[PDB]
Amino acid sequence: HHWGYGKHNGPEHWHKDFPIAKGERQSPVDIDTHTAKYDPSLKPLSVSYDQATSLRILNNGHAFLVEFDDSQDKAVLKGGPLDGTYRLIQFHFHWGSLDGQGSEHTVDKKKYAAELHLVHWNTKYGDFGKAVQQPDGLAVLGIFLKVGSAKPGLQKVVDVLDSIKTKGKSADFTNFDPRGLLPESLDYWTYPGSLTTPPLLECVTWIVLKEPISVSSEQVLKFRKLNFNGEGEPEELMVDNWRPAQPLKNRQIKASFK
Ligand SMILES: [Zn+2]
């Protein structure tokens with residue numbers, strides 16, 4: 001008995017166990033494209049994933065994660081609004097039960113079918129556990145997914161989901177190149193936020209890309225076949241594992257771009 005996305009343990013209930021849920025820098029938020037401010041000071045993002053080493057894929061009962069070896073600066077994120085080097089540790093998605101919902105961040109109230117999160121931690125802090133306790137500990141790259149043409153680079157992930165259908169299941173997932181999940185343009189918004197799942201720490205510097213990638217209906221459909229439950233329990237489809245937009249409060253969203 002803990003947190004989830006159901007009617008009795010969903011986002012609206014999280015504050016009881018995680019008071020920070022009502023904090024000053026919570027995520028996600030709605031990106032109001034007309035109030036975001038263009039900042040000429042923002043540098044272009046620098047994504048260096050050529051030496052990435054994926055290790056395993058697992059279904060943690062809330063989403064599925066693809067874990068990477070973060071023992072060295074193999075896959076890092078630099079530049080943009082960041083000061084230092086951030087190592088990629090894992091990526092996961094949030095998606096809906098229908099193509100009209102699923103993303104966590106919204107753009108002018110527009111919801112996308114899903115949202116990809118590539119989580120990186122600031123190397124100055126030694127390890128992920130220490131980084132989450134700092135205001136500039138994490139830097140999460142958010143990418144929107146819209147339904148249209150298939151994304152070749154995503155098929156490898158889609159094909160292994162059958163092996164990790166239920167909570168607790170994990171499978172070897174080596175030699176996966178995350179570069180196949182990036183859009184053509186790296187233009188971004190950025191704002192200070194938090195992790196959108198418990199424990200909801202406000203240690204994130206969010207970097208949400210303007211350009212969505214397209215995925216086919218067939219690809220997203222396979223996401224919807226996963227289970228929140230563990231093997232041997234009543235089947236509950238893993239859909240709508242997204243948190244609604246939170247109050248922006250005293251924060252400003254900056255844009256790299258036009
Ligand atoms: Zn996420």
Side-chain angles (χ1 to χ4, degrees), residues 1-11 13-14 17-18 28 52-70 75 88-99 101-104 112-121 128-129 132 138 140-145 147 150-151 153-178 180-181 195-201 213 215-243:
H1 183 301
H2 263 292
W3 70 274
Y5 297 90
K7 177 167 56 61
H8 297 289
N9 61 355
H13 290 279
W14 297 353
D17 285 296
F18 304 96
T53 298
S54 58
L55 298 170
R56 180 190 61 174
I57 182 171
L58 72 156
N59 170 347
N60 68 356
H62 302 119
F64 65 82
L65 317 181
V66 170
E67 296 171 302
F68 290 75
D69 168 20
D70 66 337
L88 172 64
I89 178 171
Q90 58 108 320
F91 73 69
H92 59 273
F93 300 80
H94 309 258
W95 61 91
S97 51
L98 302 168
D99 308 328
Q101 59 188 46
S103 65
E104 298 207 303
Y112 284 93
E115 191 172 319
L116 165 61
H117 289 164
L118 290 120
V119 186
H120 311 73
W121 56 272
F128 180 78
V132 294
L138 297 192
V140 180
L141 188 61
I143 300 175
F144 295 121
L145 276 67
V147 177
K151 190 67 175 180
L154 176 66
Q155 200 54 43
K156 183 176 298 183
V157 176
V158 175
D159 287 327
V160 300
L161 297 180
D162 293 299
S163 66
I164 60 168
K165 181 177 184 176
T166 52
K167 179 177 181 178
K169 294 288 189 177
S170 72
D172 290 311
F173 199 61
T174 57
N175 303 102
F176 178 74
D177 197 326
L181 305 173
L195 300 158
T196 65
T197 57
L200 297 167
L201 300 172
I213 69 171
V215 295
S216 63
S217 55
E218 298 89 300
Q219 293 181 306
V220 186
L221 220 305
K222 294 189 182 178
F223 277 26
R224 298 175 187 149
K225 290 183 178 178
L226 299 172
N227 289 178
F228 277 129
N229 58 286
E231 175 172 48
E233 294 173 49
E235 174 169 51
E236 300 186 300
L237 290 185
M238 184 178 282
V239 298
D240 293 316
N241 54 350
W242 50 278
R243 182 188 196 192

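In this chain, numbering begins with 1 at the start of the sequence shown. The basis for the numbers below is simple: all heavy atoms, side chains too, and nothing from hydrogens, waters or symmetry mates.
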Criterion side-chain contact (heavy atoms from CB on, under 4.5 Å) on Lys156 and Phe173, from CA distance to verdict
CA-CA 9 Å; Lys156 183 176 298 183; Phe173 199 61; 3.8 Å; yes
Can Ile143 and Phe91 be said to form a side-chain contact (heavy atoms from CB on, under 4.5 Å), step by step?
CA-CA 11 Å; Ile143 300 175; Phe91 73 69; over 6 Å; no
One pair to check against side-chain contact (heavy atoms from CB on, under 4.5 Å): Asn59 and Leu161. What are the steps and the verdict?
CA-CA 9 Å; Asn59 170 347; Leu161 297 180; over 6 Å; no
Worked check of side-chain contact (heavy atoms from CB on, under 4.5 Å) between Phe223 and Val239:
CA-CA 8 Å; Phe223 277 26; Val239 298; over 6 Å; no
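A 4.5 Å side-chain heavy-atom check between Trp121 and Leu138 finds at least one atom pair inside the cut-off. Within the 4.5 Å cutoff, the side chain of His92 has no heavy atoms near those of the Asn60 side chain. Using a 4.5 Å cut-off on side-chain heavy atoms (C-beta onward), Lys222 and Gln155 make contact. Put simply, the side chain of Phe64 does not reach to within 4.5 Å of the side chain of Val160, judged on heavy atoms. At a threshold of 4.5 Å between non-hydrogen side-chain atoms, the residues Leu65 and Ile57 do not count as touching. Using a 4.5 Å heavy-atom threshold, the side chains of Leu145 and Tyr112 count as separate. For the pair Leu88/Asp70, no side-chain contact is recorded, criterion being any heavy-atom separation below 4.5 Å from C-beta on. For the pair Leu226 and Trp95, the minimum side-chain heavy-atom distance is below 4.5 Å.
Across every non-hydrogen atom of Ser216 and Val147, the tightest pair is C-CG1, 4.3 Å. When all heavy atoms are compared, the tightest approach of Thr166 to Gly230 is CB-C, 3.9 Å. Across all their heavy atoms, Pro234 and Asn229 have their closest contact at O-CG, 3.1 Å. Closest approach of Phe18 to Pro198, counting heavy atoms only: CE1-CB, 3.5 Å.
Applying the salt bridge (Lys or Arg N to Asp or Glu O under 4.0 Å) test to pairs two or more places apart or on separate chains, those with a residue in residues 53-62 are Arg56-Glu67. Evaluation of the salt bridge (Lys or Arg N to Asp or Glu O under 4.0 Å) test over residues 160-170, restricted to residues two or more places apart or in two chains, returns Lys165-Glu235, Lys169-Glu231.
Under the side-chain hydrogen bond (donor to acceptor under 3.5 Å, both in side chains) criterion, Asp17 pairs with no residue at all, not counting sequence neighbours. Contacts of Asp159 classified as salt bridge (charged side-chain N to carboxylate O under 4.0 Å, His left out), with partners at least two apart in sequence or in another chain: none. Not counting sequence neighbours, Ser103 has no partner by the side-chain hydrogen bond (donor to acceptor under 3.5 Å, both in side chains) test. Take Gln101 and apply the side chain to side chain contact (heavy atoms under 4.5 Å, CB included) test, not counting sequence neighbours, and it matches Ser97, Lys111, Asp240, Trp242.
With rounding to the nearest 0.5 Å, the separation of CG in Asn241 from CZ in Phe93 is 11.0 Å. With values rounded to the nearest 0.5 angstrom, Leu237 atom CG is found 6.0 Å from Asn227 atom CG. Between atom NE2 of residue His62 and atom CE of residue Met238 there is a gap of 8.0 Å, rounded to the nearest 0.5 Å.
In this structure, the side chain of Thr196 does not engage the main chain of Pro28 through any donor-acceptor pair within 3.5 Å. With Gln219 contributing its side chain and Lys151 its backbone, the two residues share a donor-acceptor pair below 3.5 Å. Checking side-chain atoms of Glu115 against main-chain N and O of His94 turns up no donor-acceptor pair under 3.5 Å.
Between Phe68 and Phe176, a ring centre-to-centre spacing not shorter than 6.0 Å is recorded.
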